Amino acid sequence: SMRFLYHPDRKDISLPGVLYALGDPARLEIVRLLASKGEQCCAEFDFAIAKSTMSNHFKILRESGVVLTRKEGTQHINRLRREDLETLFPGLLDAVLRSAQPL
């Protein structure tokens, strides 16, 4: 494969949607890891979580506008939409990441 999974346009990202997507210890930790380690394979996050719940987590991160997910080959690789979030919500990301605790 060589394509990006569905992601909203900058136009359709809302502040409540982003906060909801960050509003979970697992998702917050995903974003924390994506912010510090760059792109990560979907399997990179082993949290002792039901795979259905982890799948829902990434889907929320994608649909909310936080995460850009790419499918290359068999696996899905995840990336923080840093420019989109900074342009829409200056200071939000750094404010959230400065306050997060390493899960």
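So that there is no doubt, residue numbering starts at 1 and follows the sequence shown.
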Per the PDB entry, mean CA B-factor is higher for 43-51 or 30-38, namely for 43-51
Higher avg CA temperature factor (14-22 vs 75-83, as deposited) belongs to 75-83
The third of the chain into which the C-alpha temperature factor of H57 falls is the middle
By the entry's values, the third containing the CA B factor of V96 is the lowest
